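Asks: quick one, structure for this:
(8 chains, ligands or ions: 2)
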Amino acid sequence: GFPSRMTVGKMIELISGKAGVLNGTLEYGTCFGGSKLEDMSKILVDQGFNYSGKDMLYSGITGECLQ
Amino acid sequence: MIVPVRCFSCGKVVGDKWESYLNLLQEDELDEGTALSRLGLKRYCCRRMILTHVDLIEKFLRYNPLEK
Amino acid sequence: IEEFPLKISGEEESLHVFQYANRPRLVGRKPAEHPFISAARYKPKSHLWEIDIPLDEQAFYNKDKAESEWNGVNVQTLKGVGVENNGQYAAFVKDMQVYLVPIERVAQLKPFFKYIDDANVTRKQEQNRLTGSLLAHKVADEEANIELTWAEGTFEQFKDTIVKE
Amino acid sequence: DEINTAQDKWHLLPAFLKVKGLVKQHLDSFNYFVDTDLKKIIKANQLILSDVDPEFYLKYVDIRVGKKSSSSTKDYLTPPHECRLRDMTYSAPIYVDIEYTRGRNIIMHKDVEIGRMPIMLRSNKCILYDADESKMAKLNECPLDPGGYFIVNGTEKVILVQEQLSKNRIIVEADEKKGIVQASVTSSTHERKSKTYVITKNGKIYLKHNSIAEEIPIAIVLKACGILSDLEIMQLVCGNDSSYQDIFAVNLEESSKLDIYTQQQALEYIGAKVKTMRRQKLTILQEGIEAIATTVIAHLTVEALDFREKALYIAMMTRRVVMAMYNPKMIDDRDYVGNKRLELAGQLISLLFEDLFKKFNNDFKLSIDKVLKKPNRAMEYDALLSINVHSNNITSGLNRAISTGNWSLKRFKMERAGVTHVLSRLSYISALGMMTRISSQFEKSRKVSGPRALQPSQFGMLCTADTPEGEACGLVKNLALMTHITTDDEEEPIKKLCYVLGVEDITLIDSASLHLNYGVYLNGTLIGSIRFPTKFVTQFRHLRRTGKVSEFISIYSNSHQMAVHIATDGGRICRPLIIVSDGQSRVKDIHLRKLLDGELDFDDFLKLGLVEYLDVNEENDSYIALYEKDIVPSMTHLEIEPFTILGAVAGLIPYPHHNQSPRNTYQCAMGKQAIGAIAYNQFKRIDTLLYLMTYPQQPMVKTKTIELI
Amino acid sequence: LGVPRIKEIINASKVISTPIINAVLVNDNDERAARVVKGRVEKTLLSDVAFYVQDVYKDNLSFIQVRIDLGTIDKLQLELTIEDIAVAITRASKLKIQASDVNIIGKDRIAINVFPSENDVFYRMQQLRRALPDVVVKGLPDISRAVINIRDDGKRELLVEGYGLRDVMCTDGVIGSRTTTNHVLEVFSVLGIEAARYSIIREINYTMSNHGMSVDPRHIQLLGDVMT
Amino acid sequence: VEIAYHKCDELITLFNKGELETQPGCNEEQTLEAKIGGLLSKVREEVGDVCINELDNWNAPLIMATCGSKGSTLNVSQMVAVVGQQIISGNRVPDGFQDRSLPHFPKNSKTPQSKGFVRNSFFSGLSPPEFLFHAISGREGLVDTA
Amino acid sequence: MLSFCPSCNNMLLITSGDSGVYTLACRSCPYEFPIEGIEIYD
Amino acid sequence: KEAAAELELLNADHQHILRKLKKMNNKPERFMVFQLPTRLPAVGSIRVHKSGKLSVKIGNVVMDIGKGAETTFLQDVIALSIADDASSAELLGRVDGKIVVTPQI
Ligand SMILES: [Zn+2]
Ligand SMILES: [Zn+2]
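Replies: Numbering: from 1, shown residues only, chains lettered A, B, ... in the order given. Ligands and ions are numbered 1, 2, ... in the order given. Right below this line is the structure:
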């Protein structure tokens, strides 16, 4: 649903959301500003996670990793 | 309205950690991250239950259809 | 560097201004050649000016049109309606000093043709309230008895506001 | 720590919404109606007559809503929640004071109740005017609803904001097929006029009207109005050395084909072609049938006796077409925001109350002459004791036209349907996004194509994203956050203040004077063309920043028209911006430290000359910065916030500047349909349909504008 | 090109919006020939060759004389003499005034000698002054303008925007073999029935292939056969 | 992009230095719209080619453009590299005010950033004039469905 | 012609004066002027 | 560039009234017309500066600049005096243009 619709700001909702839950602060996604993408991936990288939100999933019906 | 008993994703009981959270906010003044960290929850799931939650029943009980 | 003092110098009379919308300028040798004969009437209560201009009989007269359709004419009646204004003042200067004069009315002369009315009213057969602009157009042609003697004078005005200080 | 400048500037917007709210366009109109315009209605019908004898009169001294004595304002109303469960309406009585006389010339007075008028929520007559939170819970009302709506017959109704074209002003539209057409919609009270200025071929210019037969070329028309000389019909509308002379000179030549040679023949041809011939006093159709028509009865709103201005206003209307023939670019667009005016809830109620008060005196005159004619004696009493049976259609019709949606005015002829709409209560953002909505009325839905595209002239004035996805796509718009719809103040001392600043009156300047600088137009009416208009605009704006109270009274030049406009007649959006002074901004760092530390709130930045309101066509004479690191010395204003362009419903999207724009529009249709919490008394209220949420949660990433609402 | 163009063909309207005519040439040059086919087509060149239209009065008669130069014919190439201009003014309008007299003098002037509610001379002078500069001289009336253009190869082909298709086809310089206009009724008036279906099966094919959407042209040939 | 703004702003300062070599298909103003439009359409097609060639494999929006699931190379070049020249009614955006479009740009402004050529991609975020220029085209594309 | 009367500021017309001369004369004021006229314009 | 004509043409009418006031000071039987602003303070005059501008400082010392007007008086303008509906038309006669006085803020 992303290339035909070009809603990449939704992609910034997870990165500024997943790194907003961790250090207990509800973030700001206001127009022409808000949380910068550079210092929200810095909060997310020193908690032990990926800077870009990509986690590796162990599959559910077969148990092996996902490629 | 009220805090849910179990979290939606995995099922950890987080309904018992709201009054202690409000007790750690007002007295023993901490930020929400550390006060929510020394309370239980480790993952960011089950942490979203206590962080992003509105308490509407305290605003609903001001309109009591009883005696008052 | 000195100043040229202005005073209001009193206010007892009433003034008016022609403002002829017809004759601009005769660009060389003392322009605008204001006429002499006029001697026309005046009306209050609608303010209804009328002024007259004599006709040149010797040159470009076209006597056939003047004495074939309408009567033998020598008058050229104008018409103007004045409106009240504020802040306008007339001034004259004598050697050190400017004297302001209140002017109290400004009107414009526009040549409303009268002989076409006189020729139409001949060749025809050869109500308490109006609430504005109909009572004003109805009460326009009643008294008219100020057929007036055209005069001049630099003594009744210049030697009238100078003995005030 | 340290107060910045580009970050504490944001705090201008909460302080803007603390004094005056977001639903103020409904509150301020209804507050201005029942305090100012409701007294103005009885000042035009202050004495009635009778055909029995001239010694009989009723005099309306004072009018007020729910107030007689030193007690409080109507000690017991019905609560606004009880009248939503009992299927009632929320209304207050109207009290008038009348004079009651006899042939024995006795004079006394008596209070009477002449009807009920429905009270809008939270505006100067309701119980809910700045009530405490313990007062809201005691009266069973939510403290977070926007208010500003009616509750008639139990159900909720909202008078929508409606746009139309600018009244008492001139618009030009072009056409390649037939010819260019000019209009000027007359905004008179007693009648609805619209004087059209169509052409057909070869510059055969002749104006038309709905009250005129086979029409007249404009040379004879403005010859009947006072412009008599031909030398000032050739110079007034063409200029000295323009290419306009060989176009208008046709209408001179066919002036001699017709009733030329002024008004012993000329005005008779204007008056002979008249419609609605008025058989009462019909003999006067020689001179006094067009003097009716060229005055306050027809074509305009000018109340002059002898016409220097009206003869000029029709003739300066001619030049705007003559310029548009030689150059087809010098026209107007209908969809420009500067050409439109917003009419609010306070004006339609005034129209309906004027109609139902005009009808109230007519149905009572026909019931008092029947009684005062039959007996022999003069009836002392019972002329006051019979108004209760006649003050019921002033109440039932006033609630019927709100609960139905039809506003049928028999004298005015603008019968529109679907004004009041039922208040949507799908969610909390649905009841708020409806109270900030503008509905545009179309002419026809066949070949429209114009008033649906996003105009660049609504930057910050209207919401760019929130449009419906359906039949009304683009026809329905929404106001932004920091906008303000204005009102007409006096319109009288602005005309005299120009005469102080040095403009000459039109009865003094020659008719051959437009080769010089710009001409002052006060609401379309020419005032007399001052010299040096830049100094005039600078002095007028400097007087505006000391107090001239500056809601709407604005000034702007225009070079392709060769004019300069002063606008006073309100009903028009405007937005507040920061003034800069030739190198940098006016709002310093010390002005923002006081703002969040007690005193010096909003409306204290308007008196001290820091911010000012700008209009849509008045910011065409401006040059606005976006951020503070952009201060060019040729700039005029600085904007407060760049994200005020988004609306209230459109402010829920996180990062709209990273998405594409249609996905910012569809969300505005999906944000109102989302179900959840509605109000604090949503368990204590009963209505036909509402959806709830069991465990609602606040959003993860917020917005700076969702803490406001 | 879009859905109003398809309704422009299916409705079979009398007048259409923006017609063109694809006329072709014979030779290949930037000289006389490719610039003289153009100037034979467009109209109302009187507002460029005259420099004034004045009316003088000599005591019993009137002159409406026009100053025609020779440098205008030098720049844009047209075959017209001052006698040809006299013939063009002789049949200028259909029936307004122009029957009696025109004149030709040595330095290229045409004065309209005129002969008679009252004083209707000056009225006719005003109407004849205001009806004169929009009079055609050489060219065809229904054509708006003309553009000569180079294709992908080194060829020269012109195009007009008129309604004739017979006056354009009968022109010294073009070949009347191959040409194509958009207006189907213009083809039907000149060519016939069978050349109006072979025009419509490619005119519907042109407004579709410029977007994609192959409609396997037997359907188009079925559409172009039920209309005619 | 800076050797595309400089190669078109030299035509704006030449527009008021007399005249330009007008191509015979149209007048002097319609031949300035065509050349600036051609350069600003040529700048978005070669930046869109130097991004797709340097783009790393095994990513979703390039695999979805290699096959035909959804999306094109224009969409990924408009996400990643540059958004360019929001056109309405065929040509560029007209003057919403007298002599100009937005009141943030001076009078007689025919630069690309003032008359509808955005330059920020969707990853970096639009400026408010770029936001309004994109919103006009999106609403005109959205009203042709309703 | 585009000529204006100096005595009344109105529009003048070309008339035939008693069957055989061309002079300009208006019906506005008793005026005549027997000059020959030109109407040249670029 | 609109402030350039606020100094360039302001030194064209200050020299024009200076050519009208003191050049013809002796005895012209001849009038002018001034435009004074209303709400006048319940006097002073031109005070020609150091070859610069001309600006009235009226009495009640708060101060009232302003010179120059337009060439609307191409047409003929002649004043006249009137009595109580018996004698009038005692003209003086000429206008020499006009000036306008505008209060500074
Ligand atoms: Zn969990
Ligand atoms: Zn004359």
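
Asks: could I get the buried residue list for stretch E:51-70?
Replies: E:53, E:54, E:55, E:56, E:57, E:62, E:63, E:64, E:65, E:66, E:68 (16 or more other C-beta atoms under 10 Å in any protein chain shown). Where you see a C-beta, it was placed from the backbone N, CA and C, and this is true even at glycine.

Asks: now, the most widely separated pair of the residues you listed?
Replies: Across the buried residues of stretch E:51-70, the longest distance by C-beta to C-beta is 21.9 Å; it joins E:57 and E:68.

Asks: any idea how far chain C is from the residue minimising distance to the centre of chain A?
Replies: Of all residues in chain A, the one closest to the mean position by C-alpha atoms, centre = their mean is residue A:15, 2.6 Å from it. According to C-beta to the nearest C-beta, to the nearest Å, residue A:15 and chain C sit 70 Å apart.

Asks: got the contact list for stretch E:97-104?
Replies: Applying C-beta atoms under 8 Å, 6 or more residues apart in numbering or on different chains, the contact partners of stretch E:97-104 are E:82-83, E:86, E:89-92, E:109-115, E:124, E:128.

Asks: could you confirm whether stretch D:613-627 reaches chain F?
Replies: Yes: shown here: stretch D:613-627 in contact with chain F (C-beta under 8 Å from any C-beta of the partner chain) through D:619, D:620, D:622, D:623, D:624, D:625, D:626.

Asks: so which of the residues you listed also contact chain G?
Replies: Within those, nothing lies near chain G by C-beta under 8 Å from any C-beta.

Asks: which of the residues you listed fall within helices?
Replies: Residues of the residues of stretch D:613-627 next to chain F located in helices (DSSP state H): none.

Asks: got a quick ChimeraX command for the buried subset of those?
Replies: A single ChimeraX command selects the buried members of the residues of stretch D:613-627 next to chain F (16+ other C-beta under 10 Å):
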select /D:619,620,623,624,625
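
Asks: can I get the residues of stretch D:613-627 next to chain F in a markdown table with distance to residue E:218?
Replies: Output for the residues of stretch D:613-627 next to chain F, formatted as a markdown table (distance: C-beta to C-beta, whole Å):
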| residue | distance to residue E:218 |
| --- | --- |
| D:619 | 61 |
| D:620 | 59 |
| D:622 | 63 |
| D:623 | 63 |
| D:624 | 61 |
| D:625 | 64 |
| D:626 | 60 |
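
Asks: can you map out the helices along chain B?
Replies: Taking DSSP H to define them, one finds helices in chain B at B:19-26, B:32-37, B:48-51, B:57-60.

Asks: buried residues, the last one. List them.
Replies: Of the residues in helix B:57-60, those buried by neighbour count under the rule 16+ other C-beta under 10 Å are B:59, B:60.

Asks: likewise stretch F:82-91?
Replies: By 16+ other C-beta under 10 Å, the buried positions in stretch F:82-91 come out as F:82, F:83, F:84, F:85, F:86, F:87, F:88.

Asks: again with stretch E:5-23
Replies: Buried, per 16+ other C-beta under 10 Å, within stretch E:5-23: E:5, E:8, E:9, E:16, E:19, E:21, E:23.

Asks: with stretch D:7-16 instead?
Replies: For stretch D:7-16, the neighbour count (16+ other C-beta under 10 Å) marks D:8, D:9, D:10, D:12, D:13, D:15, D:16 as buried.

Asks: in strands only, show me those.
Replies: Assigned to strands by DSSP state E, none of the buried residues of stretch D:7-16 qualify.

Asks: let me know the closest of those to chain E.
Replies: Proximity of these to chain E (C-beta to the nearest C-beta) peaks at residue D:13, which lies at 45.3 Å.

Asks: that closest one and chain G: what is the separation?
Replies: For residue D:13, the distance to chain G - C-beta to the nearest C-beta - is 61 Å.

Asks: what about that residue, distance to residue D:641?
Replies: 6 Å (C-beta to C-beta, to the nearest Å).

Asks: so what sits against both of the two?
Replies: Common neighbours of residue D:13 and residue D:641 (criterion: C-beta under 8 Å, 6+ apart): residue D:482.

Asks: please name the nearest non-neighbouring residue to residue 42.
Replies: Answering for chain A, as no chain was given. residue A:51 (7.8 Å; C-beta to C-beta, 6 or more residues apart in numbering or on different chains).

Asks: I was after chain H.
Replies: Here the residue nearest residue H:42, using C-beta to C-beta, 6+ apart, is residue H:60, at 7.5 Å.

Asks: dump the residue contacts of the residue positioned nearest the centre of chain F.
Replies: With distances taken as C-alpha atoms, centre = their mean, the residue of chain F nearest its centroid is residue F:85 (1.5 Å). Taking C-beta under 8 Å, 6+ apart, we find residue F:85 in contact with F:37, F:40, F:41, F:44, F:92, F:112, F:116, F:117, F:118.

Asks: mind giving me the ChimeraX command for buried ones among those residues?
Replies: Selecting only the buried entries of the contacts of residue F:85 in ChimeraX, with 16+ other C-beta under 10 Å as the criterion:
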select /F:37,40,44,92,112,116,117,118
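
Asks: so residue A:59 makes contact with residue A:66?
Replies: Yes: taking contacts as C-beta atoms under 8 Å, residue A:59 lies within contact range of residue A:66: 5.4 Å.

Asks: tell me how many other residues crowd the closest residue to chain B within chain A.
Replies: Closest residue of chain A to chain B, C-beta to the nearest C-beta: residue A:24 (3.0 Å). As a burial measure, residue A:24 scores 17 neighbours (other C-beta atoms under 10 Å in any protein chain shown).

Asks: and if you look at the one 3 residues further on?
Replies: Neighbours of residue A:27 under the rule other C-beta under 10 Å: 22.

Asks: quick check: closest non-adjacent residue to it.
Replies: Excluding the flanking residues, the one nearest residue A:27 by C-beta to C-beta, 6+ apart is residue A:20, at 4.0 Å.

Asks: swap in residue D:359?
Replies: Nearest to residue D:359 is residue D:393, by C-beta to C-beta, 6+ apart, at 7.5 Å.

Asks: so is the one helix or strand residue A:15 maps to next to ligand 1?
Replies: Element membership for residue A:15, per DSSP states H and E: helix A:9-21. No: interface with ligand 1: helix A:9-21 contributes nothing (C-beta under 5 Å from the ion), its closest point being 11.3 Å away.

Asks: show me what counts as buried in that helix.
Replies: A:9, A:10, A:11, A:12, A:13, A:15, A:16, A:17, A:18, A:19, A:20, A:21.

Asks: pick the one among the residues you listed closest to chain D.
Replies: residue A:9 (3.2 Å).

Asks: OK, contacts around the closest one?
Replies: With C-beta under 8 Å, 6+ apart, residue A:9 has these contacts: A:29, D:653, D:654, D:655, D:656, D:657, D:658, D:659, F:122.

Asks: for these, give me JSON lines that also has distance to chain E, neighbour count and secondary structure.
Replies: Converted to JSON lines, the contacts of residue A:9 look like this (distance: C-beta to the nearest C-beta, whole Å; neighbours: other C-beta atoms under 10 Å in any protein chain shown; DSSP: H, G, I helix; E, B strand; the rest coil):
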{"residue": "A:29", "distance to chain E": "40", "neighbour count": "26", "secondary structure": "coil"}
{"residue": "D:653", "distance to chain E": "33", "neighbour count": "25", "secondary structure": "coil"}
{"residue": "D:654", "distance to chain E": "38", "neighbour count": "25", "secondary structure": "coil"}
{"residue": "D:655", "distance to chain E": "36", "neighbour count": "25", "secondary structure": "coil"}
{"residue": "D:656", "distance to chain E": "32", "neighbour count": "29", "secondary structure": "coil"}
{"residue": "D:657", "distance to chain E": "33", "neighbour count": "25", "secondary structure": "coil"}
{"residue": "D:658", "distance to chain E": "32", "neighbour count": "26", "secondary structure": "coil"}
{"residue": "D:659", "distance to chain E": "29", "neighbour count": "24", "secondary structure": "coil"}
{"residue": "F:122", "distance to chain E": "27", "neighbour count": "22", "secondary structure": "coil"}
